[PDB]
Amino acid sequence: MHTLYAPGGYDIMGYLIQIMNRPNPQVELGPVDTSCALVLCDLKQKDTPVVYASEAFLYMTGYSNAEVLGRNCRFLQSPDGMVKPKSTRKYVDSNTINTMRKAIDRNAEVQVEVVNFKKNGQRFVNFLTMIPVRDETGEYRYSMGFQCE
């Protein structure tokens, strides 16, 4: 993967505002800000890579910015951080992974409980919520994920 990052950074605050102001919320998230664990992935780059990770996310997972950026978030599904696309996870519920996959493809909001592992191999249940995000063109370009241990 050779993901490219937006020169000048991402409008994370603007996107959080967009999310809290969305008209027909399918999932209630309650107020959110930059203090919580979150990531923004680019739907328009190969394998929906993380292009921004909040400090709280890195702290929760134990991974560094260098270890997460440019990667699809699925690495959290294995204690060795090695998860190949389309592979059958041995520690994660297949229907759960398919639910996330379909929600992302359809730009549909979703909330799931998925088993994840921190960098040091510590297992935990991640209550994950993903909401599609529109960029300046007004069309869905990113997805913001909010992780909860």
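Residues carry their position along the shown sequence, with the first being 1.
- Relative to one another, 87-95 and 101-109 have unequal mean CA B-factors, and 87-95 is the one with the higher figure.
- Annotation for 19-27 versus 135-143: the higher mean temperature factor (C-alpha) is found in 19-27.
- The PDB entry gives the largest Cα B-factor of the residues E55, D42, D80, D33 to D80.
- Among all modelled residues in this chain, the alpha-carbon of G121 has a temperature factor (C-alpha) in the highest third.
- Sort the chain's modelled residues by C-alpha temperature factor and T48 lands in the lowest third, per the entry.
- In the deposited entry, the Cα temperature factor of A66 sits in the top third of values across the chain's modelled residues.
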